[PDB]
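Peer 1:
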Ligand SMILES: *[C@@H]1O[C@H](CO)[C@@H](O)[C@H](O)[C@H]1NC(C)=O
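Protein chains in written order, with PDB author numbering: chain H, 1 to 133, 141 to 218; chain E, 333 to 526; chain L, -1 to 211.
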């Protein structure tokens, strides 16, 4: 089951540093070249750096040359990126990816990590119900930072009819969210509806029952 | 008179990588070849033209000692008549070779937890090495018919693959330090004796 | 530094239509190319690699072609679940370069927006900032004017909105305009109403509520 689990990431005071880690399973990792490719919010794919299958060879983009240090450990199959002197511009989702073996030109990517380079202290959101008046109820996620939130309705057991929206960046500098789920009007007094928010950046996990 | 600095060659702190194997010229001295044998700390000790006993009883015009690092999977190839990744593209001994090949396991000194990425062999080469030839090229090799423009990429790979030396490795992929003694005889007088 | 030139930037098609995308490389790259499909904020996923060959688990409708400079990706019968951005990647020489990317829309029969409206609950007023929300649910197409009236008075600039992506099933968008008010401005006025205008509606729909049921 080829899979690259990435980890680390998050809110870095500009000028600081962060490490990015990529746990490789499912293949002979020591055969494959590897790469670090970042993607600004809703912009292209920017390749940043790579490392040979043996770690003999290494190159960096001019956008990160000297600033980032890429590395691989081949017994623990991981691949590492040490990012120093982070800028405003360096804010991106960062992806690791197998580029190719000597023999199988078959890429594959990891789930990414939100490297969010700014000066704002992390704040936990507030969660208010969007109670019903077929019926429609929801959840209100307000005043959090940085991204992301995750909303899940009845613990991932209610996924039919959910629309969780994008984060609106308020004038205060804080993100707001909204997540709503439509339901059988008749099933309202019988079935209990609870929304689960989880904000790993501030270690906040709330469960509001909606009624 | 003088002693042969064989102790500088074996017990040296730095060894070179195979592709740039380090050869040193030993001359005008006397060393004990029985004493090298009487180590019994060498895992490999094979001599090819000479008896390890009759070596203290000999004189040659020049003694040549080449020092590099390989892995154990690869030690069987530092021998005449061997074909392999190392035996072809890194360091090849002729078929008339008279000499000794000595190698021991250097995993304690020559590997690191993060990856000792400093020793390298030539995985890719257009043709086989001539015996005792050194290739130091870092041209970006070409496997498939698309050219390379000097950069690496699919079917255009960098010729030098770093050994990924970690101590947790298995025996075959652990570093073995190696020294090859070749013994030359030419019309010039003898300089290395017993 | 091989540049990739991919067209179109944006294509819109209906279910079962044959989408065709072109990526042209600024030099010979002779089949060292892959094709990815990236849903929003998600990892790019592999569909085609080696210019023509279909990854395991990628529906047979997807297909690649080309060698040298001209490369095409083809969806022989588009699906409601192919709404994405599609990139090509050049693997011939590092740095790895990518195509521009092609967004893909799904075209569907007009739908009307079910419009619910929601109050500042009963907790936000402990915080002094009330928030009214207006939900425009399951409409097509993407364009919609939401209008916030507090006592038949137009509110500009105190309202933020965001829109989902196309449903993986029926291609409708949903939208939420969030109005923000101080506790004193929410207590200052009675009728709060949300005026929605959309292609699917013959006349502008307005759901209201009275502070105090
Ligand atoms: C290397 O060191 C050991 C310990 O001093 C010594 O006995 C051995 O003979 C040395 N090797 C050579 C080739 O001199």
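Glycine included, C-beta positions come from ideal geometry on N, C-alpha and C.
Which residues neighbour ligand 1 when neighbourhood means a C-beta less than 5 Å away from any of its non-hydrogen atoms? List them by chain order.
Peer 2: Here the residues come out as E:339, E:342 and E:343.
Peer 1: Consult DSSP for residue 164 (chain L) and reduce its assignment to one of helix, strand or coil.
Peer 2: Residue 164 (chain L) sits at position 166 when you count from the first residue of the third chain. Looking at residue 164 (chain L) - three-state DSSP - the assignment turns out to be coil, as it is neither helix nor strand.
Peer 1: Between which two residues does the beta strand (DSSP E) containing residue 45 (chain L) stretch?
Peer 2: As a working note, residue 45 (chain L) is residue 47 in the third chain. Here the beta strand (DSSP E) through residue 45 (chain L) covers 43 to 47.
Peer 1: Mind listing which residues of the region 179 to 204 of chain H have their C-beta closer than 8 Å to chain L's C-betas, in chain order?
Peer 2: Hits within the stretch, in order: 183, 185, 187 and 189.
Peer 1: For a contact meaning CB atoms closer than 8 Å, what does residue 478 (chain E) contact in chain L?
Peer 2: Counting from one through the second chain, the residue named residue 478 (chain E) turns up at place 146. Those within 8 Å of residue 478 (chain E) in chain L are 26, 27, 28, 30 and 90.
Peer 1: Rounding to the nearest angstrom, what Cα-Cα distance links residue 207 (chain H) and residue 440 (chain E) in this structure?
Peer 2: Walking along the first chain from the start, residue 207 (chain H) turns up at place 200. Walking along the second chain from the start, residue 440 (chain E) turns up at place 108. Answer to the nearest angstrom: the Cα atoms are 42 Å apart.
Peer 1: Would a check of beta-carbon distances place residue 68 (chain H) closer than 7 Å to chain L?
Peer 2: As a working note, residue 68 (chain H) is residue 68 in the first chain. No, no contact with chain L.
Peer 1: Kindly provide the ranges of any alpha helix (DSSP H) runs that are 4 or more residues long and lie completely inside the region 167 to 192 of chain H, ordered along the chain.
Peer 2: Within the region 167 to 192 of chain H, no complete alpha helix (DSSP H) run reaches 4 residues.
Peer 1: Would residue 85 (chain H) pass as a contact of residue 142 (chain H) if the rule is Cβ separation under 7 Å?
Peer 2: On the first chain, position 85 is the one that residue 85 (chain H) refers to. On the first chain, position 135 is the one that residue 142 (chain H) refers to. Contact: no.
Peer 1: Tell me whether residue 342 (chain E) sits in a helix, a strand or coil according to DSSP, three-state version.
Peer 2: Position 10 of the second chain, counted from the start, is the residue given in the question as residue 342 (chain E). Correct three-state label for residue 342 (chain E): helix.
Peer 1: With respect to the alpha helix (DSSP H) encompassing residue 439 (chain E), which residues constitute its N-terminal and C-terminal limits?
Peer 2: In the second chain, residue 439 (chain E) corresponds to position 107, counting from 1. 439 to 442 is the extent of the alpha helix (DSSP H) around residue 439 (chain E).
Peer 1: Apply the 10 Å Cβ neighbour rule to residue 468 (chain E) and answer buried if 16 or more other Cβ atoms are within range, or exposed otherwise.
Peer 2: Position 136 of the second chain, counting from 1, holds the residue named residue 468 (chain E). Flag for residue 468 (chain E) reads exposed.
Peer 1: For the beta strand (DSSP E) that residue 149 (chain H) lies in, which residues bound it at each end?
Peer 2: For the purposes of this step, residue 149 (chain H) is taken as the residue at position 142 of the first chain. First-last of the beta strand (DSSP E) with residue 149 (chain H): 142 to 151.
Peer 1: Against chain L, does residue 484 (chain E) count as a neighbour if the rule is that its beta carbon must be under 7 Å from one of theirs?
Peer 2: For the purposes of this step, residue 484 (chain E) is identified with residue 152 of the second chain, where counting begins at 1. By this cut-off, residue 484 (chain E) is an interface position.
Peer 1: Is any beta-carbon of chain H found at less than 7 Å from that of residue 7 (chain L)?
Peer 2: Against the third chain, residue 7 (chain L) aligns to sequence position 9. Output row for residue 7 (chain L): interface = no.
Peer 1: Enumerate in chain order the residues of its own chain whose CB-to-CB distance from residue 208 (chain L) is below 7 Å, with the five nearest sequence positions on each side excluded.
Peer 2: Taking the first residue of the third chain as 1, we reach residue 208 (chain L) at position 210. Around residue 208 (chain L): 188 and 189.
Peer 1: Cβ closer than 9 Å: which chain L residues qualify as neighbours of residue 160 (chain H)?
Peer 2: Indexing the first chain from 1 puts residue 160 (chain H) at position 153. Neighbours of residue 160 (chain H) on chain L: none; closest Cβ ~15 Å, over 9 Å.
Peer 1: With a cut-off of 8 Å on the beta carbons, I'd call residue 30 (chain L) and residue 90 (chain L) a contact; round off their distance for me.
Peer 2: Position 32 of the third chain, counted from the first residue, corresponds to residue 30 (chain L). Position 92 of the third chain, counted from the first residue, corresponds to residue 90 (chain L). Indeed they touch by this definition, with Cβ atoms about 4 Å apart.
Peer 1: Quick one: Cα of residue 155 (chain L) to Cα of residue 115 (chain L), how far?
Peer 2: Here the question's residue 155 (chain L) lines up with position 157 in the third chain. Here the question's residue 115 (chain L) lines up with position 117 in the third chain. Rounded to whole angstroms, residue 155 (chain L) to residue 115 (chain L) spans 19 Å at the Cα level.
Peer 1: So for residue 29 (chain H), helix, strand or coil by DSSP?
Peer 2: The sequence position of residue 29 (chain H) within the first chain is 29, counting from 1. Of the three classes helix, strand and coil, the one that applies to residue 29 (chain H) here is helix, per DSSP.
Peer 1: Give the list of continuous beta strand (DSSP E) stretches no shorter than 3 residues that lie fully inside the region 31 to 61 of chain H.
Peer 2: Counting whole runs of 3 or more residues, the region 31 to 61 of chain H contains the beta strand (DSSP E) stretches 34 to 39, 46 to 51 and 58 to 60.
Peer 1: Do three or more CB pairs link the region 25 to 44 of chain H to the region 62 to 75 of chain H at distances below 8 Å?
Peer 2: The region 25 to 44 of chain H is in contact with the region 62 to 75 of chain H.
Peer 1: Three-state secondary structure (DSSP) at residue 368 (chain E)?
Peer 2: Position 36 of the second chain, counted from the start, is the residue given in the question as residue 368 (chain E). Three-state result, residue 368 (chain E): helix.
Peer 1: Is residue 352 (chain E) helix, strand or coil when you go by DSSP?
Peer 2: As a working note, residue 352 (chain E) is residue 20 in the second chain. Correct three-state label for residue 352 (chain E): helix.
Peer 1: Checking contacts by CB at 7 Å: is residue 441 (chain E) closer than that to chain H?
Peer 2: Here the question's residue 441 (chain E) lines up with position 109 in the second chain. With 7 Å as the cut-off, residue 441 (chain E) does not count as an interface residue toward chain H.
Peer 1: Using Cβ-Cβ distances below 9 Å, what residues of the region 52 to 70 of chain L are close to chain H?
Peer 2: Going along the region 52 to 70 of chain L in chain order, one finds 53 with a Cβ nearer than 9 Å to chain H.
Peer 1: Around the C-beta of residue 159 (chain L), are 16 or more other C-beta atoms found within 10 angstroms, so that it is buried, or is it exposed?
Peer 2: Reading the third chain from its first residue, position 161 is the one you call residue 159 (chain L). Counting Cβ neighbours within 10 Å, residue 159 (chain L) comes out buried, since at least 16 surround it.
Peer 1: For residue 62 (chain L) and residue 23 (chain H), I'd like the C-alpha separation in whole angstroms.
Peer 2: Position 64 of the third chain, counted from the start, is the residue given in the question as residue 62 (chain L). Position 23 of the first chain, counted from the start, is the residue given in the question as residue 23 (chain H). Rounded to the nearest angstrom, the two C-alpha atoms are 30 Å apart.
Peer 1: For the beta strand (DSSP E) holding residue 516 (chain E), just list the boundary residues, first then last.
Peer 2: As a position in the second chain, residue 516 (chain E) is number 184, starting the count at 1. That run of the beta strand (DSSP E) goes 507 to 516.
Peer 1: Mind listing the chain H neighbours of residue 494 (chain E)? Cutoff is C-beta to C-beta under 8 Å, in chain order.
Peer 2: As a first step, residue 494 (chain E) must be located in the second chain, where it is residue number 162. Those are 52, 54, 55 and 56, listed as they occur along chain H.
Peer 1: Go through the region 359 to 432 of chain E residue by residue and report every complete run of the alpha helix (DSSP H) that reaches 4 residues or more, in order.
Peer 2: For the region 359 to 432 of chain E, whole alpha helix (DSSP H) runs of length 4 or above, ordered along the chain, are 365 to 369 and 417 to 421.
Peer 1: Excluding the five sequence neighbours on either side, which residues of its own chain have a C-beta within less than 8 Å of the C-beta of residue 68 (chain H), listed in chain order?
Peer 2: Taking the first chain and counting its residues from 1, one reaches residue 68 (chain H) at position 68. Cβ neighbours of residue 68 (chain H) beyond the five flanking positions: 36, 48, 49, 60, 81, 82, 83 and 84.
Peer 1: Looking at residue 106 (chain L): is its Cβ nearer than 7 Å to the Cβ of residue 84 (chain L)?
Peer 2: Position 108 of the third chain holds residue 106 (chain L). Position 86 of the third chain holds residue 84 (chain L). Contact: no.
Peer 1: What separation, rounded to the nearest whole angstrom, lies between the Cα atoms of residue 111 (chain L) and residue 171 (chain L)?
Peer 2: The residue given as residue 111 (chain L) occupies position 113 in the third chain. The residue given as residue 171 (chain L) occupies position 173 in the third chain. Distance between the alpha carbons of residue 111 (chain L) and residue 171 (chain L) is about 9 Å.
Peer 1: Return yes when the Cβ of residue 367 (chain E) is within less than 7 Å of the Cβ of residue 356 (chain E), no when it is not.
Peer 2: The count along the second chain starts at 1 and reaches residue 356 (chain E) at position 24. The count along the second chain starts at 1 and reaches residue 367 (chain E) at position 35. For residue 356 (chain E) and residue 367 (chain E), no; Cβs fall outside 7 Å.
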